[PDB]
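Here's a solo chain for you in structure tokens, the form deposited in one PDB entry.
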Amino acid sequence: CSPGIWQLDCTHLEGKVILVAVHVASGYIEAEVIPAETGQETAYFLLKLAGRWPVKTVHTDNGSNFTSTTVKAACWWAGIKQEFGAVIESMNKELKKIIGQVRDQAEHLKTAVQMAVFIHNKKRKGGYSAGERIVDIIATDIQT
């Protein structure tokens, strides 16, 4: 898929909120455990993400997540547009299973989440991992 397209959603687990971003073309994920589902948290996550990867457009399954002033200011400043055009269902499903598998390896949920992100991104799927594919996709895109 287009290399600047990301999918962003929140999930719930243990009374806490997990913000999950998926680079659509590679399956690569970035996540954070946030205190609450707010416009402030989403805008902050977006700005961080865009300073790390070339974020052109962002899609979500909950369009109302993106209507606050705060979120639209973050997209304005970072040059992000909303994307109007199985991967995402697979990667998200995949994340909860791994969180479930390592949950007892960490005291806190946020640690388990990051362990699952790490496992997910490094898993060779053949056969490269999602982390290998996102850097190849971005590096090839740089060179014209």
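From 1 onward, residues are counted along the sequence shown.
Keep in mind that the form solved in complex with a partner chain is not shown, yet the notes after this line are about it.
Colleague: So, a 4.5 angstroms cut-off on heavy atom distances: do all three of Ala36, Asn65 and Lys125 pass it with respect to the partner chain in the deposited bound form?
Modeller: Judged in the deposited bound form, none of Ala36, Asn65 and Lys125 sits within 4.5 Å of the partner chain.
Colleague: Can you check whether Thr70 is within 4.5 Å of the partner chain in the deposited bound form, heavy atom basis?
Modeller: Because a heavy atom of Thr70 falls inside 4.5 Å of the partner chain in the deposited bound form, the answer is yes.
Colleague: I'd like to check something about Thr111: if you look in the deposited bound form, is any of its heavy atoms closer than or equal to 4.5 Å to a heavy atom of the partner chain?
Modeller: Flag for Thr111 set to yes.
Colleague: Is there a heavy atom of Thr57 no more than 4.5 Å from a heavy atom of the partner chain in the deposited bound form?
Modeller: Result no; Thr57 lies far from the partner chain in the deposited bound form.
Colleague: Under a 4.5 Å heavy atom criterion, is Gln40 part of the interface with the partner chain in the deposited bound form?
Modeller: Although the partner chain is absent here, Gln40 would touch it in the deposited bound form, with heavy atoms inside 4.5 Å.
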